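Remarks on the structure that follows.
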Amino acid sequence: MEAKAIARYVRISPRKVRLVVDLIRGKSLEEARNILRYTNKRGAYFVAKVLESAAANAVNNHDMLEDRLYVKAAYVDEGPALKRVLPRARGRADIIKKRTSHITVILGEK
Amino acid sequence: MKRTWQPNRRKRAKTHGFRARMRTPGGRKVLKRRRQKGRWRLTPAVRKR
Amino acid sequence: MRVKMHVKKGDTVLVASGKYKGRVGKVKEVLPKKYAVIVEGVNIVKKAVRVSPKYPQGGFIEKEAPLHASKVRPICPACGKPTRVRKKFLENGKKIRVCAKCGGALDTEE
Amino acid sequence: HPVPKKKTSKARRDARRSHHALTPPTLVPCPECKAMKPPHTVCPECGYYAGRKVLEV
RNA sequence: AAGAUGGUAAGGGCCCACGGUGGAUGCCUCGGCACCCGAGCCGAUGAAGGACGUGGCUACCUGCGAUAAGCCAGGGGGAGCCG
RNA sequence: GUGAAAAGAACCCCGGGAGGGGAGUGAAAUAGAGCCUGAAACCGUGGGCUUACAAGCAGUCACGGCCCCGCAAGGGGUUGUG
RNA sequence: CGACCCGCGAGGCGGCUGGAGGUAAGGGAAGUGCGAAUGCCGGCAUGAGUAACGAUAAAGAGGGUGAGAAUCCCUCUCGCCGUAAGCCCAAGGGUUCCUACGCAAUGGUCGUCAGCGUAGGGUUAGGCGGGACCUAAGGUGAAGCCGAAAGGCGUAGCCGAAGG
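Residue numbers (PDB author numbering), protein chains in the order written: chain p, 1 to 110; chain z, 1 to 49; chain r, 1 to 110; chain x, 4 to 60.
This is the structure:
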């Protein structure tokens, strides 16, 4: 019950999966995978690991039924950045920040 | 456009070093002060072999 | 708990760990106070590689740590120990002049 | 040289972004099989429109 | 037929819960500070301070110098050790 | 700056590995390896009130409509018009 | 986190988290209370998912190894240099040149690839360049003169190289 799966410390950005994880709220799990195979936007590949981890958790360990599961309440949170330098034309140097992300999915029964 | 470093290796040793700091009566103050600054490990021996 | 310390071997009793019992002490260190008056069972894992056997497991790590092991036990276990009165041609006498004496002379019991 | 002024609010930072939401794709099933597919392409598991042309001979 | 006409939220607000990012406050310290006392020079029998080498396998500090994680004598110490 | 002690995660299950769900250690792993307590800015996911003919740094002072805590008396959040 | 006491700064009293220290009617001694100094160190937003990706010598297709490729390897067509974007020596750099593994981070994109990460291996001189041979500008310097001290000039001699 309440199958959980967390992909933690995966580096893209936390605003380039808010565009993707909103497509799989309220859907069923047979149709959240077909909507996510043919979608564009790299960032939709990392979300296609965590549902297929949560499905194996819900089947094997928590002892539910198989094909009655719908994806409830999936979300993504922040992560510790890391800084590098870019040199910028008459001296002055700049700082760019390459951010990470935490994707999590919980999974429930109808 | 020749921005003022332009390295050479005998000029490192014939102005900086040991035989150029232990000759002059004002340059021995440099060694006797860097040996008690807090022990600079050392700078001027950048030269090779 | 220094270069100055006590126990060689001997029927050492314990007081206060949930144990309240006692027998011989086996291998004493110094700078951590590591030995074995073997009571403590633990569960170390054994990594199951062919340099080891196929399925070994834990048990034999004890490490009774402190000075907590109260000392050699005659019929009066309540004892420290003073040093010699030496009563001979210059003994050195590391023996319990306190209550009673089963305290480590060269007999069958060490 | 054309630099801004007062920094924008949360309540109007997050009102431009209201209009960037993206659409799901369009899918129909392959009729020779039983799965999805974008509805004008060759199907990369069941084979064809009328005549194979793909898929592992 | 001329009705206060109203139940919708691409989105925005206020409040209440539950998580992430961040590193302040509390409790500690093998590290410092200021006054007191014991004491107060080493060196061509080659000094203060350094380069390079030395562990069965070794990167870095510490100890030692072709006898190189050491050798020979005297005392202490009384049990486990090969920084 | 983990724990009194490392007993610091054998072995199955998704994964190219990271990483996670179960077992197991422990008085407690929201004490797990940048790991004592762990605040504010900052960014999110669910529930309550409210709005697409209406003009204002903000709020405040009234009256009414829902939601909640109340045995009842009474109170807090929310804001439509003056 | 919260609807008991003082006019106020503030004290109590209850409810969750924490994990081993706190003191108290009456007195004493000062590093004693912060929104502002274009104040100082540390976090995090705004502009914004926009300007940019560093030369107008272009690319295309077929098979491979893999979990995964417009970008890594070979085969076949297409274009630019050709007095230089092609080979050979001195400076300067001083590790990684070559092989077998690998992808967390650096390559302003990807990457099974690399000048990137751990492990092993590799530069052989009587006859090539320089010392055990000379001297130039300059330097150092017995004797000799010197300058309140430090130190300054200087004869023979000696060091001094892409020159003999």
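Think of the CB as a built atom: it goes at the ideal place given N, C-alpha and C, for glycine as much as any other residue.
Exercise for the section: Kindly indicate if chain x contains any beta-carbon less than 7 Å away from that of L65 (chain p). Expected result: As a first step, residue 65 (chain p) must be located in the first sequence, where it is residue number 65. Taking Cβ atoms only, chain x never reaches closer than 7 Å to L65 (chain p), which makes this a no.
Practice task
Compute the distance between the beta-carbons of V13 (chain r) and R73 (chain r), then report whether it is under 7 Å.
Solution key: Residue mapping note: residue 13 (chain r) aligns to position 13 of the third sequence, counting from 1. Residue mapping note: residue 73 (chain r) aligns to position 73 of the third sequence, counting from 1. For the pair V13 (chain r) and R73 (chain r), the CB atoms are nearer than the 7 Å cut-off.
Problem - alpha helix (DSSP H) segment containing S53 (chain p), residue limits - result: Taking the first residue of the first sequence as position 1, residue 53 (chain p) is located at position 53. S53 (chain p) -> alpha helix (DSSP H) spans 47-60.
Problem - Candidates r:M1, r:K94, r:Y55, of which the one nearest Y35 (chain r) by Cα - result: Within the third sequence, residue 35 (chain r) is the residue found at index 35, counting from 1. When C-alpha distances from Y35 (chain r) are compared across r:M1, r:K94, r:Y55, the shortest belongs to r:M1.
Exercise for the section: Please compile the residues from chain p whose C-beta is within a distance smaller than 7 Å of the C-beta of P27 (chain x). Expected result: Start at 1 with the first residue of the fourth sequence, and residue 27 (chain x) comes out as number 24. Here the neighbours are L23, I35.
Handout entry: 7 Å Cβ cutoff met for residue 112 (chain p) and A44 (chain p)
Key = In the structure as shown, chain p begins at 1 and stops at 110. Residue 112 (chain p) is therefore absent and cannot be evaluated.
Practice task
Whole angstroms is fine: what's the gap from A58 (chain p)'s alpha carbon to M1 (chain p)'s?
Solution key: Position 58 of the first sequence, counted from the first residue, corresponds to residue 58 (chain p). Position 1 of the first sequence, counted from the first residue, corresponds to residue 1 (chain p). Taking the straight line from one Cα to the other gives about 7 Å.
Exercise for the section: Rank r:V27, r:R23, r:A69, r:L90 by C-alpha distance to the C-alpha of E109 (chain r) and give the top, closest one. Expected result: Translated into positions along the third sequence, residue 109 (chain r) becomes position 109. The candidate whose alpha carbon is nearest that of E109 (chain r) is r:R23.
Problem - CB of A13 (chain z) within 7 Å of CB of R47 (chain z), strictly - result: Reading the second sequence from its first residue, position 13 is the one you call residue 13 (chain z). Reading the second sequence from its first residue, position 47 is the one you call residue 47 (chain z). Taking a C-beta distance under 7 Å as the contact criterion, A13 (chain z) and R47 (chain z) qualify as a contact pair.
Exercise for the section: Run through the region 16-98 of chain r for me and flag every whole beta strand (DSSP E) of 3 or more residues, listed as ranges in chain order. Expected result: Listed in chain order, the complete beta strand (DSSP E) runs (minimum 3 residues) inside the region 16-98 of chain r are 22-24.
Practice task
Let me know the secondary structure DSSP gives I106 (chain p) once reduced to three states.
Solution key: As a working note, residue 106 (chain p) is residue 106 in the first sequence. Assignment of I106 (chain p) by DSSP, reduced to helix, strand and coil, places it in the strand class.
Exercise for the section: Could you confirm whether any beta carbon from chain x is found closer than 7 Å to the beta carbon of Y38 (chain p)? Expected result: Your numbering for residue 38 (chain p) matches position 38 in the first sequence. The C-beta of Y38 (chain p) comes closer than 7 Å to at least one C-beta of chain x.
Practice task
Use the C-beta contact count for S101 (chain p): other C-beta atoms within 10 angstroms, 16 or more gives buried, fewer gives exposed.
Solution key: The sequence position of residue 101 (chain p) within the first sequence is 101, counting from 1. Per the 10 Å Cβ criterion, buried.
Handout entry: C-alpha gap between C33 (chain x) and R15 (chain x), whole angstroms
Key = Start at 1 with the first residue of the fourth sequence, and residue 33 (chain x) comes out as number 30. Start at 1 with the first residue of the fourth sequence, and residue 15 (chain x) comes out as number 12. Per the coordinates, the alpha-carbon of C33 (chain x) lies some 45 Å from the alpha-carbon of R15 (chain x).
Handout entry: Proximal residues to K72 (chain p) (C-beta, below 7 Å), its chain only, five neighbours per side dropped
Key = Taking the first sequence and counting its residues from 1, one reaches residue 72 (chain p) at position 72. Excluding sequence neighbours, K72 (chain p) sits near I106, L107, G108.
Handout entry: For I24 (chain p), the residue or residues it bridges with in DSSP
Key = As a first step, residue 24 (chain p) is located in the first sequence; it is residue number 24 there, counting from the start. Answer is none; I24 (chain p) lacks a bridge partner.
Exercise for the section: With a 10 Å radius around its C-beta and 16 neighbouring C-beta atoms as the bar for buried, classify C99 (chain r) as buried or exposed. Expected result: Translated into positions along the third sequence, residue 99 (chain r) becomes position 99. When all chains shown are included, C99 (chain r) counts as exposed.
Practice task
Could you please give me the residues that DSSP links to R84 (chain p) through a beta bridge?
Solution key: Locating residue 84 (chain p) in the first sequence gives position 84, counting from the first residue. Answer by DSSP bridge pairing, in chain order: p:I96.
Problem - Interfacial residues, the region 42-60 of chain x to chain p, with Cβ spacing under 8 Å - result: Using a CB distance below 8 Å, no part of the region 42-60 of chain x faces chain p.
Practice task
Alpha carbon to alpha carbon, how far is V42 (chain r) from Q57 (chain r)? Give it in angstroms, no decimals.
Solution key: To locate residue 57 (chain r), count along the third sequence from 1; it is residue 57. To locate residue 42 (chain r), count along the third sequence from 1; it is residue 42. Straight-line Cα distance between these residues: approximately 10 Å.
Practice task
Tell me where the beta strand (DSSP E) around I35 (chain p) begins and ends.
Solution key: By 1-based counting over the first sequence, the position of residue 35 (chain p) is 35. Taken as a continuous stretch (DSSP letters only), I35 (chain p) belongs to no beta strand (DSSP E), being part of the alpha helix (DSSP H) at 34-37.
Exercise for the section: Taking residue 124 (chain p) as the reference, give the member of p:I95, p:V76, p:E78, p:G91 with the closest Cα. Expected result: Because residue 124 (chain p) is not part of the residues shown, which for chain p are 1 to 110, the question remains open.
Exercise for the section: Go ahead and label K40 (chain x) buried or exposed: buried means 16 or more other beta carbons lie within 10 angstroms of its beta carbon, across all protein chains shown. Expected result: What you label residue 40 (chain x) is simply residue 37 of the fourth sequence in a count that begins at 1. With 16 or more other Cβ atoms within 10 Å, it is buried.
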